[PDB]
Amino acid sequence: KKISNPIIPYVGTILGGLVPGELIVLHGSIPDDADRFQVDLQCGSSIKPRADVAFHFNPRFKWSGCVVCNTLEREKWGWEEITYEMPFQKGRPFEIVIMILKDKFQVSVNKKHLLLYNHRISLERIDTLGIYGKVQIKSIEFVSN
């Protein structure tokens, strides 16, 4: 459950799905000209109709920067939860750690807390990791309890 230099866009099955207490650990970097990227925890990888996204984590670099989180269900976006922080920096490496909990995802970037997001889709439905946009990824790891 460790992938080196994945191709972006990345779409891959999460072996065994996710359980509370586990981590998803991403090391990567942001290109000099980035606008946004996203990490999506998905129900499958269908394109038409588009796979549900249980957790859409979407850093956006415009202005002072923010991170938009949401859920896509039956091809409709829910209410956005926007964190007006930007820990990502153009031209710099990062580490993202997503801690899976019973109630929430908790996300840290570079070992600093970033945000919480309550589950909207049942955790057991998630079977696919997608990474899209202007981002480079050195490694993907799923860390057990």
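A residue's number is simply how far along the shown sequence it sits, counting from 1.
Between 73 to 81 and 106 to 114, the higher mean Cα B-factor belongs to 73 to 81. As recorded in the PDB entry, 1 to 9 is the stretch of 134 to 142 and 1 to 9 with the greater mean C-alpha temperature factor. When the C-alpha B-factors of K62, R120, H56, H27 are ranked from the entry, the top spot goes to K62. You'll see in the entry that, of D40, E95, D32, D52, the Cα B factor peaks at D32. For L101, the recorded CA B-factor ranks within the lowest third of the chain. Only modelled residues enter the ranking. Compared with the other modelled residues of the chain, the Cα B-factor recorded for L18 ranks in the middle third. Per-chain ranking of the deposited C-alpha B factor places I47 in the highest third.
Among the modelled residues of its chain, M86 has a C-alpha B-factor that falls in the highest third according to the deposited record.
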